[PDB]
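Below you'll find the structure, written out as structure tokens, and then a few comments.
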Protein chains: 6
Amino acid sequence: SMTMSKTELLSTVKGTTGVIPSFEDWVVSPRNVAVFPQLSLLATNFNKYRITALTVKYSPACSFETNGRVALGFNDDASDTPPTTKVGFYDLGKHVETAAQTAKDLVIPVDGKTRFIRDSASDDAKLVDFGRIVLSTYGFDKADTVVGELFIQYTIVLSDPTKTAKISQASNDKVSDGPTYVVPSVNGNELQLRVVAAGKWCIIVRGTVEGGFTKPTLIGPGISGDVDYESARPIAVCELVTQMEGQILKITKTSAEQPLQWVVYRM
Amino acid sequence: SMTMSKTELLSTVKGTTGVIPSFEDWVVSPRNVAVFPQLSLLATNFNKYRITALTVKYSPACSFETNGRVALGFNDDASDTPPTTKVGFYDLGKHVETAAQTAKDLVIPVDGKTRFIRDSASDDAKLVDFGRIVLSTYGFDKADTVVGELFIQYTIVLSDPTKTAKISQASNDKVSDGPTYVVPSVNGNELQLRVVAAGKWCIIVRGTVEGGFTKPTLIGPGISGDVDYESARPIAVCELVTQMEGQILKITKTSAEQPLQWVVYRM
Amino acid sequence: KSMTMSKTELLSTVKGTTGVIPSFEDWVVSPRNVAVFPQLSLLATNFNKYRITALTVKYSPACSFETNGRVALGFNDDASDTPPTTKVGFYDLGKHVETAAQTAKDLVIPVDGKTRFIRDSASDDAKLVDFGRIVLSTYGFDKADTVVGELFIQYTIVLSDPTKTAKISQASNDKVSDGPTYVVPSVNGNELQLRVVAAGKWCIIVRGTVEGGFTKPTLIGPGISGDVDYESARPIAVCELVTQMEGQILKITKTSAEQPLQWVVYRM
Amino acid sequence: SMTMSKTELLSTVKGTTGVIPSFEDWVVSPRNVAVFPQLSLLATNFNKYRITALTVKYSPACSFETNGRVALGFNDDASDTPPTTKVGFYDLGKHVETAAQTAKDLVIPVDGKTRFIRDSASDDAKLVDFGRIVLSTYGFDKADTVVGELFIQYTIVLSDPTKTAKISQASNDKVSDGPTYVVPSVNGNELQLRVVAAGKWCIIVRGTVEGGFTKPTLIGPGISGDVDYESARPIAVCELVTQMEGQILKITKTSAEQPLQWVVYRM
Amino acid sequence: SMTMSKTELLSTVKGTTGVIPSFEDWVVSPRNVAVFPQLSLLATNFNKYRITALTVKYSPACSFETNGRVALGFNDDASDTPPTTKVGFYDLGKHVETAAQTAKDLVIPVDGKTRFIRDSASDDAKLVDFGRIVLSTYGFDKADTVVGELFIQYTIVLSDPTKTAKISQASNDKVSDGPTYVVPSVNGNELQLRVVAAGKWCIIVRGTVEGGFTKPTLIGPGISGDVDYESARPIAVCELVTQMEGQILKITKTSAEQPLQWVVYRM
Amino acid sequence: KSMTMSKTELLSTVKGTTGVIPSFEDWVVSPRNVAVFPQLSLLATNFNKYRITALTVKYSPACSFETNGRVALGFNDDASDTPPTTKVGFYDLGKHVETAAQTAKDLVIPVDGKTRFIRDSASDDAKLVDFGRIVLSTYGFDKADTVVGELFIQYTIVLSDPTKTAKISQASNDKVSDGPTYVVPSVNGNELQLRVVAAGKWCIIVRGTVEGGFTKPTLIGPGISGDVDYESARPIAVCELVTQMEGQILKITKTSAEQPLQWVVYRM
Ligand SMILES: [Ca+2]
Ligand SMILES: [Ca+2]
């Protein structure tokens with residue numbers, strides 16, 4: 001029985017211009033790297049968890065002369081889909097809105113329930129996950145631009161130690177019994193790996209042919225690293241440092257090539 | 001910060017012939033992978049530790065006809081030289097002796113002292129390390145034959161949470177500031193990477209030539225995996241599984257080739 | 001006997017940092033570290049032990065209008081562990097505090113009741129002698145080089161074991177220095193860098209073997225000026241420098257034939 | 001003056017065939033190196049001792065197919081003759097019997113009497129010595145084969161601090177006023193120095209001729225070291241390591257040569 | 001846990017003429033023979049020590065009509081260098097001065113700290129050593145001449161018994177893990193071994209050639225012994241008795257000879 | 001704020017003097033004078049004013065048998081007036097005390113309640129800044145060089161006006177120094193003498209114009225040792241000295257063609 005209390009960096013908050021609503025959601029399970037960078041790592045060694053305390057804090061990093069609004073909401077059951085309308089968010093159990101340049105906390109309620117830590121995709125969200133967090137942004141007069149970050153302050157109890165869950169993520173991960181460090185999106189012959197959280201990582205891309213795929217490319221600011229590429233027996237070894245959520249690795253293969261293979265290790 | 005109790009596998013025990021004692025030692029430190037395969041991982045998230053309970057147990061697995069002595073000893077002064085004489089060993093602070101067919105437990109005494117956990121070789125062993133364990137054997141009928149294993153039972157309390165440590169080991173680490181997953185051995189153009197403990201690993205070997213080094217080879221029963229080799233820009237991606245301590249990855253290079261680079265990740 | 005002092009001192013001047021990538025700065029808390037205890041360091045020279053009873057870092061803004069940016073402070077009591085390199089790493093520290101550029105914030109470092117030896121040299125065991133390390137981080141600003149605010153340390157220490165005065169000059173004791181850590185070196189092959197820890201007036205002397213020995217040294221940094229007296233005969237340089245901000249650098253490159261150079265630093 | 005508790009190695013135990021008992025004895029005295037290898041050293045700094053706890057434990061190391069009896073006995077009258085008969089042995093004050101595969105402990109009783117520790121043979125055994133221990137074996141299938149070792153567990157309190165005793169042994173000591181590290185045996189021109197216990201020693205042999213004696217030779221498994229020999233002014237400097245009791249240094253001399261001189265230092 | 005109280009002879013005090021200051025320093029660690037002749041020997045069997053009481057007593061052995069002054073000082077941390085100016089000594093934590101013909105005590109302060117007994121040169125003085133003693137002499141009107149001696153009166157507690165540290169000192173002692181009985185100083189082809197403390201010793205000098213080195217010579221009063229020399233295979237066996245600190249063994253080799261070898265045993 | 005300190009320090013070691021002619025030694029009482037305030041001088045560096053409330057000089061003998069000799073102490077509050085040269089002159093001082101070699105004696109210097117500025121440099125008005133001058137005198141001994149006793153200063157001072165740290169290095173400011181008076185020079189035509197005021201570890205650097213400039217410097221005194229690094233190319237000397245008693249001397253002789261040499265002194 002291990003009790004942890006810490007305030008970690010959850011995500012960066014960028015402004016939203018326009019009129020159509022913009023949403024970002026999370027989930028809340030200690031297995032989720034996107035939410036608990038460090039905690040997820042400790043979580044690999046326990047079967048259960050119980051949250052004693054939980055608060056999401058919005059910490060502005062912009063001037064007082066900044067327009068815009070930031071809203072946070074929480075939902076009891078992770079199985080329900082996030083809101084897709086500004087009305088839905090508001091009909092949600094709890095929500096808080098604040099001016100972009102003003103700090104504000106969302107203190108999430110806690111049941112005494114102790115539950116299993118999710119093992120795979122086929123697990124029941126209602127039984128294994130805690131809830132879901134939602135962020136919304138509007139009223140800014142400048143596109144993507146950081147205005148603040150939100151930190152997660154928690155106190156959860158890990159228990160029932162067990163064998164260490166798997167630490168690497170692979171292309172052929174059956175039932176996603178592995179962690180989710182990166183999420184892929186395929187657009188024809190172009191492949192995109194989106195690094196879910198900030199951190200140090202190592203990704204290995206492998207191919208069949210030889211022309212296979214072109215040397216991969218790093219998309220977005222806040223991502224740097226070393227890309228070791230070798231055409232013959234298409235292979236790339238990328239040692240990256242993502243200093244922000246959602247950075248991108250882009251690889252383009254030949255129509256000749258079969259879908260690419262990859263693994264991600266935590267550095 | 002909380003406590004943790006588990007009994008992990010430490011090492012297998014092979015026979016030794018003759019009246020002349022054969023030794024093995026381990027320095028007790030939470031970041032020493034060799035002693036705490038699982039725990040070492042957890043330990044990379046705290047600055048201090050305090051062991052409250054620690055006992056080493058020898059568990060036989062051999063036939064009752066075996067001959068031989070198996071003895072355990074502990075010295076709380078990790079900086080002092082390991083014994084060399086049979087008397088040297090028995091003159092240690094605390095020791096226990098038994099026959100190969102008979103189980104025995106060495107229950108180590110504890111100081112209530114809380115201490116910083118080692119960041120690198122250069123930290124003072126007397127300030128950071130708990131002590132040293134010593135295995136001694138002799139009098140067996142035949143050499144390298146397994147006769148039992150020894151497990152480590154503990155209860156330690158981690159504290160002073162902090163920034164996560166280096167999780168990967170590279171061929172150019174700052175005075176052992178990274179975990180020691182593997183220990184290199186060189187004699188000419190032949191390189192050996194001794195894998196410290198049982199587990200799942202991924203090792204990457206790089207060169208700088210074309211024929212720099214030949215496809216690497218696996219030594220020892222209980223080591224297996226895939227060795228993905230490519231001569232052009234000498235590179236090998238070995239995804240291994242080791243069911244026993246001290247297994248070996250052997251790689252030979254061209255007299256022309258520069259000394260190799262390697263990195264080892266936890267799988 | 002033993003003395004107890006309390007004082008506030010300027011720790012640093014904060015410059016803006018551009019983009020999403022964090023910039024870091026760190027300080028090791030030790031009574032003889034001039035970077036942190038300008039005046040106290042002198043006094044500290046006459047005792048063997050110290051105990052900190054109160055310690056706080058304050059950030060005070062110098063801007064108030066349209067200035068965006070994050071300013072964060074963190075502390076780590078394991079003075080020998082590596083400094084952070086990642087936004088994540090930093091926030092995972094034992095204690096940290098965040099703020100926006102135009103809003104003041106304080107970091108109160110927790111204190112243990114431990115009395116410890118004051119560091120006599122670069123080879124002392126940091127875990128035994130140093131109190132901890134302080135870390136500043138900045139990123140997210142629009143303008144590159146502008147002063148945004150200042151950092152102050154407010155302390156209360158107790159000096160205690162009296163002895164003969166310690167060495168006041170730092171000298172290259174063939175890998176590792178000898179006295180107060182005025183400068184920290186880093187060798188990069190044939191090139192040598194001496195990082196002058198704190199702002200001040202200093203005098204450094206570099207020596208060699210071979211007459212060709214090393215090239216005339218160079219000053220790297222916006223806040224380092226001085227007079228360099230080079231003599232390529234018996235390889236020697238006498239530099240009287242003026243650092244007006246922490247971390248400036250003195251660069252020297254030697255001949256592959258030349259042995260590792262030696263040096264000394266006097267406090268003017 | 002303070003107390004001390006330790007369990008030291010006493011001797012190895014070899015088999016004995018036949019129905020006729022084979023014996024071994026040891027006189028319990030803190031300066032008797034044979035019984036207290038380490039302690040004997042400490043003991044050279046006090047004038048008195050008092051044993052509060054003493055137990056001899058036999059620890060097997062043989063296969064369960066071995067045949068044979070192993071028995072231990074104690075007699076608090078060190079001056080009395082050791083037994084010769086099997087009944088003689090079992091009629092002793094306290095004894096314990098066991099089989100070669102089975103561990104057993106002889107727990108010796110204690111008088112609270114505090115006594116002077118022996119300075120030399122001439123001191124009255126009844127006034128100075130604690131008693132005598134006896135090992136007996138018989139019924140084994142084959143002769144000199146090791147079957148276990150016996151350790152000595154004690155708790156004694158030293159007192160009446162004084163001037164340190166002689167630490168070296170010379171070939172011309174005043175009625176055993178020096179430690180007995182070695183015991184000489186002579187038959188003609190052949191000299192044997194039996195090394196009493198396991199340990200590190202340095203023996204020096206001197207002659208008085210030119211060819212006085214040949215380079216000395218080492219007898220027994222578990223004895224090793226350097227023998228630095230020089231014929232002109234017959235001299236040998238042997239730095240040995242003995243991993244077992246009763247090892248032998250053998251030196252042969254010229255019929256002309258005078259009986260040799262030797263000195264033995266602790267290493 | 002052994003508690004010792006004894007008053008042993010620390011050193012001889014000789015007069016100092018002239019005007020330039022004269023200093024002598026010690027250190028204070030039970031491993032230091034120079035300070036604890038007998039105690040150092042017992043200390044070889046324990047890992048830790050704690051000083052309960054400590055006083056240095058100056059005991060004059062000269063007439064009342066003797067001019068001169070004697071001063072003693074102590075420093076908390078053994079890492080700091082001894083004073084090199086009369087001002088430094090005086091700025092020291094504690095100091096006491098007395099007339100040469102008058103007895104005087106220096107009672108050193110004690111922390112409750114229990115620390116490890118130094119194991120080698122690479123140990124941390126601040127963590128493992130107790131402090132440092134300094135002696136100064138001046139105002140005498142006759143050169144080297146004994147005027148008194150200083151005795152050390154202590155009460156320290158030895159604890160955490162372990163395997164016996166090494167007892168001999170050798171030329172090739174790596175990291176000085178051995179005791180320091182003698183300190184060498186080389187002046188070209190002349191070698192000097194300075195016997196640190198009074199006591200009985202045995203030193204063995206060995207060479208390569210044959211002319212190797214001339215029969216060694218004893219320098220200083222208060223040193224006598226037997227020197228057994230043999231030219232062929234340069235070897236010397238010296239059984240000495242130093243009745244005072246700093247006596248000297250002098251050996252001169254040929255330019256032909258390589259640096260000499262030697263070991264020192266405690267007699 | 002302001003601090004008050006009390007401490008006893010070794011002032012000097014007394015050697016016997018032969019004959020009827022007196023030997024003299026003097027000290028100028030000033031908080032930044034290392035000769036008198038070894039440890040305090042460092043602290044004094046952080047204030048502007050001081051006030052002495054208690055001051056005593058003690059002579060303690062080191063002999064007791066057949067040692068003849070007079071030992072006398074005197075004080076003068078006019079720190080700028082010349083030191084005595086005559087037995088008479090000395091005894092005509094404001095306050096003096098006499099004793100025989102084997103008998104201890106104390107001199108208690110009277111105190112005024114004046115708070116004054118601490119001397120920032122060699123050109124400060126002694127009457128305004130210095131407290132006074134102490135004088136030792138000896139003569140009448142039978143043996144020439146033997147230590148006869150020691151001198152100690154026992155004081156209680158109040159430091160008070162806090163400011164930025166003062167200069168710690170002394171530099172030849174073209175006739176008259178700049179910082180603490182570590183050394184006092186006297187030019188005798190083409191020869192220059194630097195008298196090192198107090199025992200300690202020091203580093204001195206001498207420079208010139210003409211390549212021939214000046215001869216390699218010499219150490220004058222029984223208690224001065226060190227390493228001199230001479231380079232007759234660009235006339236320069238780098239001396240790392242060790243004075244183990246007050247008043248040792250560094251001698252340098254220059255070319256008649258050479259301009260007055262310049263120098264600096266660092267405290268190690
Ligand atoms: Ca110190
Ligand atoms: Ca001023």
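The way I read the labels, and the way they are meant: chains A, B, ... in the order of the structure tokens, residue 1 as the first residue of every chain, and ligand 1 as the first ligand shown, with later ones counted on from there.
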
For the contact check between chain D and chain E, emit one row per residue of chain D within 8 Å, containing the shortest atom pair and the distance in Å rounded to one decimal, counting only C-alpha atoms, chain then rising number order, as CSV.
residue,atom,partner,partner_atom,distance
D:1,CA,E:4,CA,6.1
D:2,CA,E:2,CA,4.6
D:3,CA,E:2,CA,6.3
D:4,CA,E:1,CA,7.0
D:38,CA,E:164,CA,7.4
D:42,CA,E:42,CA,6.1
D:164,CA,E:38,CA,7.2
D:166,CA,E:267,CA,6.9
D:167,CA,E:267,CA,5.7
D:168,CA,E:267,CA,5.5
D:230,CA,E:233,CA,7.3
D:232,CA,E:232,CA,7.3
D:233,CA,E:230,CA,7.2
D:265,CA,E:265,CA,6.9
D:266,CA,E:167,CA,7.3
D:267,CA,E:168,CA,5.6

With N, CA, C and O atoms retained, export the selected residues as a CSV table (one decimal), in the first residue's frame.
chain,number,residue,atom,x,y,z
D,1,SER,N,36.6,-3.2,29.8
D,1,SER,CA,36.4,-4.7,29.5
D,1,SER,C,35.0,-5.0,29.1
D,1,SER,O,34.0,-4.6,29.8
D,2,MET,N,34.8,-5.6,27.9
D,2,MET,CA,33.5,-5.9,27.5
D,2,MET,C,33.3,-7.3,26.9
D,2,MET,O,34.3,-8.1,26.9
D,3,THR,N,32.1,-7.7,26.6
D,3,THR,CA,31.8,-9.0,26.1
D,3,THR,C,31.8,-9.1,24.6
D,3,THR,O,31.7,-8.0,23.9
D,4,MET,N,31.8,-10.3,24.1
D,4,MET,CA,31.9,-10.5,22.6
D,4,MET,C,31.1,-11.8,22.3
D,4,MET,O,31.3,-12.8,23.0
D,38,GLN,N,40.0,-16.1,15.4
D,38,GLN,CA,39.9,-14.6,15.6
D,38,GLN,C,40.1,-14.2,17.1
D,38,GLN,O,41.0,-13.4,17.4
D,42,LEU,N,42.3,-11.2,19.9
D,42,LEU,CA,41.7,-10.2,20.9
D,42,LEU,C,42.2,-10.5,22.3
D,42,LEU,O,42.7,-9.6,23.0
D,164,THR,N,50.0,-6.1,25.9
D,164,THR,CA,49.7,-7.1,24.8
D,164,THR,C,50.8,-8.3,24.8
D,164,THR,O,52.0,-8.1,24.9
D,166,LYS,N,52.7,-12.0,23.3
D,166,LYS,CA,53.5,-12.3,22.1
D,166,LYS,C,52.6,-12.7,21.0
D,166,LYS,O,51.6,-13.4,21.3
D,167,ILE,N,52.8,-12.1,19.9
D,167,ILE,CA,51.9,-12.4,18.7
D,167,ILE,C,52.5,-13.3,17.7
D,167,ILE,O,51.9,-13.8,16.8
D,168,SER,N,53.8,-13.5,17.8
D,168,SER,CA,54.6,-14.4,16.9
D,168,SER,C,55.0,-15.6,17.6
D,168,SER,O,55.2,-15.6,18.8
D,230,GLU,N,66.3,-19.4,-1.1
D,230,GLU,CA,67.7,-19.0,-1.4
D,230,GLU,C,68.6,-19.9,-0.6
D,230,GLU,O,68.7,-19.9,0.6
D,232,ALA,N,72.2,-20.1,-0.6
D,232,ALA,CA,73.3,-19.4,0.1
D,232,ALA,C,72.8,-18.9,1.4
D,232,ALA,O,71.9,-17.9,1.4
D,233,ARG,N,73.2,-19.4,2.6
D,233,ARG,CA,72.6,-18.9,3.9
D,233,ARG,C,71.2,-19.4,3.7
D,233,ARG,O,70.3,-18.6,3.5
D,265,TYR,N,54.6,-15.5,11.6
D,265,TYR,CA,53.8,-14.2,11.9
D,265,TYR,C,52.4,-14.3,11.3
D,265,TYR,O,52.2,-15.1,10.4
D,266,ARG,N,51.5,-13.5,11.9
D,266,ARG,CA,50.2,-13.5,11.3
D,266,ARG,C,50.2,-12.5,10.2
D,266,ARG,O,50.8,-11.4,10.3
D,267,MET,N,49.5,-12.8,9.1
D,267,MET,CA,49.5,-11.9,8.0
D,267,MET,C,48.3,-11.0,7.9
D,267,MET,O,48.0,-10.4,6.8

Dump as CSV the rows for residues of chain E within 12 Å of ligand 1: closest atom pair and distance in Å with one decimal, only C-alpha atoms and all ligand atoms counted, ordered by chain and rising residue number.
residue,atom,partner,partner_atom_place_in_ligand_line,distance
E:75,CA,ligand 1,1 (Ca),9.0
E:76,CA,ligand 1,1 (Ca),8.0
E:77,CA,ligand 1,1 (Ca),5.8
E:78,CA,ligand 1,1 (Ca),8.1
E:79,CA,ligand 1,1 (Ca),6.6
E:80,CA,ligand 1,1 (Ca),5.3
E:81,CA,ligand 1,1 (Ca),8.8
E:82,CA,ligand 1,1 (Ca),11.0
E:92,CA,ligand 1,1 (Ca),11.1
E:93,CA,ligand 1,1 (Ca),11.3
E:125,CA,ligand 1,1 (Ca),10.5
E:126,CA,ligand 1,1 (Ca),8.6
E:131,CA,ligand 1,1 (Ca),10.6
E:132,CA,ligand 1,1 (Ca),11.6

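Around ligand 2, using only C-alpha atoms and all ligand atoms and a cut-off of 10 Å, the residues in contact are residues 45, 46, 47, 48, 49, 117, 118, 119, 120, 121, 161, 162, 163, 164, 165 and 166 of chain F.
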
Written selection (C-alpha atoms) as a PDB file, in the first residue's frame:
ATOM      1  CA  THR F  45      35.218  44.136   4.652  1.00  0.00           C
ATOM      2  CA  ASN F  46      31.390  44.420   4.785  1.00  0.00           C
ATOM      3  CA  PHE F  47      30.936  47.550   6.869  1.00  0.00           C
ATOM      4  CA  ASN F  48      31.797  51.199   6.810  1.00  0.00           C
ATOM      5  CA  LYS F  49      32.288  52.037  10.466  1.00  0.00           C
ATOM      6  CA  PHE F 117      34.980  55.051   9.294  1.00  0.00           C
ATOM      7  CA  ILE F 118      37.020  51.957   8.537  1.00  0.00           C
ATOM      8  CA  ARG F 119      40.020  52.674   6.323  1.00  0.00           C
ATOM      9  CA  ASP F 120      39.241  52.017   2.696  1.00  0.00           C
ATOM     10  CA  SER F 121      42.764  52.726   1.428  1.00  0.00           C
ATOM     11  CA  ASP F 161      27.562  50.720   8.743  1.00  0.00           C
ATOM     12  CA  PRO F 162      26.691  47.961   6.225  1.00  0.00           C
ATOM     13  CA  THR F 163      27.602  48.313   2.525  1.00  0.00           C
ATOM     14  CA  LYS F 164      28.840  46.395  -0.465  1.00  0.00           C
ATOM     15  CA  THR F 165      31.964  44.324   0.093  1.00  0.00           C
ATOM     16  CA  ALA F 166      35.223  46.250  -0.057  1.00  0.00           C
TER      17      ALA F 166
END

Quiz item: Just asking: which residues within stretch 98-256 of chain E are strand (DSSP E) according to DSSP, as an MDAnalysis selection string?
Solution: chainID E and resid 98:99 104:108 115:116 132:138 146:161 169:170 182:187 190:195 199:206 217:219 223:230 235:242 247:252

Self-check item: All alpha helix (DSSP H) positions in stretch 24-181 of chain C, as a count of residues only
Solution: 14

Taking a cut-off of 12 Å and counting only C-alpha atoms, can you build a table that, for each residue of chain C near chain F, reports the nearest atom pair and how far apart they are in Å (one decimal), sorted by chain then residue number, as JSON lines?
{"residue": "C:1", "atom": "CA", "partner": "F:7", "partner_atom": "CA", "distance": 10.7}
{"residue": "C:2", "atom": "CA", "partner": "F:5", "partner_atom": "CA", "distance": 11.2}
{"residue": "C:3", "atom": "CA", "partner": "F:5", "partner_atom": "CA", "distance": 10.2}
{"residue": "C:4", "atom": "CA", "partner": "F:3", "partner_atom": "CA", "distance": 10.9}
{"residue": "C:5", "atom": "CA", "partner": "F:3", "partner_atom": "CA", "distance": 10.2}
{"residue": "C:6", "atom": "CA", "partner": "F:1", "partner_atom": "CA", "distance": 10.7}
{"residue": "C:7", "atom": "CA", "partner": "F:1", "partner_atom": "CA", "distance": 10.7}
{"residue": "C:9", "atom": "CA", "partner": "F:164", "partner_atom": "CA", "distance": 11.1}
{"residue": "C:34", "atom": "CA", "partner": "F:165", "partner_atom": "CA", "distance": 12.0}
{"residue": "C:37", "atom": "CA", "partner": "F:165", "partner_atom": "CA", "distance": 11.7}
{"residue": "C:38", "atom": "CA", "partner": "F:165", "partner_atom": "CA", "distance": 8.3}
{"residue": "C:39", "atom": "CA", "partner": "F:165", "partner_atom": "CA", "distance": 6.6}
{"residue": "C:40", "atom": "CA", "partner": "F:43", "partner_atom": "CA", "distance": 8.8}
{"residue": "C:41", "atom": "CA", "partner": "F:43", "partner_atom": "CA", "distance": 9.9}
{"residue": "C:42", "atom": "CA", "partner": "F:42", "partner_atom": "CA", "distance": 6.3}
{"residue": "C:43", "atom": "CA", "partner": "F:43", "partner_atom": "CA", "distance": 5.8}
{"residue": "C:44", "atom": "CA", "partner": "F:43", "partner_atom": "CA", "distance": 9.5}
{"residue": "C:45", "atom": "CA", "partner": "F:42", "partner_atom": "CA", "distance": 8.7}
{"residue": "C:46", "atom": "CA", "partner": "F:39", "partner_atom": "CA", "distance": 7.0}
{"residue": "C:47", "atom": "CA", "partner": "F:39", "partner_atom": "CA", "distance": 10.4}
{"residue": "C:162", "atom": "CA", "partner": "F:39", "partner_atom": "CA", "distance": 10.5}
{"residue": "C:163", "atom": "CA", "partner": "F:39", "partner_atom": "CA", "distance": 9.7}
{"residue": "C:164", "atom": "CA", "partner": "F:39", "partner_atom": "CA", "distance": 8.0}
{"residue": "C:165", "atom": "CA", "partner": "F:39", "partner_atom": "CA", "distance": 6.6}
{"residue": "C:166", "atom": "CA", "partner": "F:268", "partner_atom": "CA", "distance": 9.1}
{"residue": "C:167", "atom": "CA", "partner": "F:268", "partner_atom": "CA", "distance": 6.0}
{"residue": "C:168", "atom": "CA", "partner": "F:268", "partner_atom": "CA", "distance": 5.1}
{"residue": "C:169", "atom": "CA", "partner": "F:268", "partner_atom": "CA", "distance": 5.0}
{"residue": "C:170", "atom": "CA", "partner": "F:268", "partner_atom": "CA", "distance": 8.5}
{"residue": "C:171", "atom": "CA", "partner": "F:268", "partner_atom": "CA", "distance": 10.0}
{"residue": "C:178", "atom": "CA", "partner": "F:268", "partner_atom": "CA", "distance": 11.3}
{"residue": "C:179", "atom": "CA", "partner": "F:268", "partner_atom": "CA", "distance": 9.4}
{"residue": "C:180", "atom": "CA", "partner": "F:268", "partner_atom": "CA", "distance": 10.9}
{"residue": "C:200", "atom": "CA", "partner": "F:165", "partner_atom": "CA", "distance": 10.5}
{"residue": "C:201", "atom": "CA", "partner": "F:167", "partner_atom": "CA", "distance": 9.1}
{"residue": "C:202", "atom": "CA", "partner": "F:169", "partner_atom": "CA", "distance": 10.0}
{"residue": "C:203", "atom": "CA", "partner": "F:266", "partner_atom": "CA", "distance": 9.1}
{"residue": "C:204", "atom": "CA", "partner": "F:266", "partner_atom": "CA", "distance": 11.2}
{"residue": "C:205", "atom": "CA", "partner": "F:238", "partner_atom": "CA", "distance": 9.9}
{"residue": "C:206", "atom": "CA", "partner": "F:238", "partner_atom": "CA", "distance": 11.7}
{"residue": "C:207", "atom": "CA", "partner": "F:229", "partner_atom": "CA", "distance": 10.8}
{"residue": "C:229", "atom": "CA", "partner": "F:234", "partner_atom": "CA", "distance": 10.1}
{"residue": "C:230", "atom": "CA", "partner": "F:234", "partner_atom": "CA", "distance": 9.8}
{"residue": "C:231", "atom": "CA", "partner": "F:234", "partner_atom": "CA", "distance": 7.8}
{"residue": "C:232", "atom": "CA", "partner": "F:233", "partner_atom": "CA", "distance": 10.3}
{"residue": "C:233", "atom": "CA", "partner": "F:233", "partner_atom": "CA", "distance": 7.9}
{"residue": "C:234", "atom": "CA", "partner": "F:231", "partner_atom": "CA", "distance": 7.8}
{"residue": "C:235", "atom": "CA", "partner": "F:231", "partner_atom": "CA", "distance": 10.7}
{"residue": "C:236", "atom": "CA", "partner": "F:231", "partner_atom": "CA", "distance": 10.1}
{"residue": "C:237", "atom": "CA", "partner": "F:238", "partner_atom": "CA", "distance": 11.3}
{"residue": "C:238", "atom": "CA", "partner": "F:238", "partner_atom": "CA", "distance": 9.8}
{"residue": "C:240", "atom": "CA", "partner": "F:264", "partner_atom": "CA", "distance": 11.2}
{"residue": "C:264", "atom": "CA", "partner": "F:268", "partner_atom": "CA", "distance": 10.0}
{"residue": "C:265", "atom": "CA", "partner": "F:268", "partner_atom": "CA", "distance": 9.3}
{"residue": "C:266", "atom": "CA", "partner": "F:266", "partner_atom": "CA", "distance": 6.5}
{"residue": "C:267", "atom": "CA", "partner": "F:168", "partner_atom": "CA", "distance": 7.0}
{"residue": "C:268", "atom": "CA", "partner": "F:169", "partner_atom": "CA", "distance": 5.0}

Exercise. May I have the residues within 12 Å of residue D:154 as a list in words, using only C-alpha atoms and disregarding those fewer than 5 positions away in the same chain?
Key: residues 3, 4, 5, 6, 7, 8, 9, 10, 28, 30, 35, 36, 39, 50, 51, 52, 53, 54, 55, 56, 57, 106, 107, 108, 109 and 110 of chain D

Exercise. Give me, as a PyMOL selection string, the contact residues of chain E against chain F at a cut-off of 7 Å, counting only C-alpha atoms.
Key: chain E and resi 17-20+65-69+85+87+90+99+138-139

Exercise. Write out as a ChimeraX atom specification the residues lying within 9 Å of residue B:62, counting only C-alpha atoms and excluding same-chain residues fewer than 4 positions away.
Key: /B:66,100-101,146-148

Selected residues written out, C-alpha atoms, as a short mmCIF file (atom, residue, chain, number, x, y, z; two decimals), in the first residue's frame:
data_model
loop_
_atom_site.label_atom_id
_atom_site.label_comp_id
_atom_site.auth_asym_id
_atom_site.auth_seq_id
_atom_site.Cartn_x
_atom_site.Cartn_y
_atom_site.Cartn_z
CA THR B 66 24.38 -33.83 -3.53
CA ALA B 100 22.81 -28.03 -0.63
CA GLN B 101 19.66 -30.08 0.05
CA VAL B 146 22.42 -25.60 -10.45
CA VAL B 147 21.42 -26.74 -7.01
CA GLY B 148 19.01 -24.08 -5.85
#
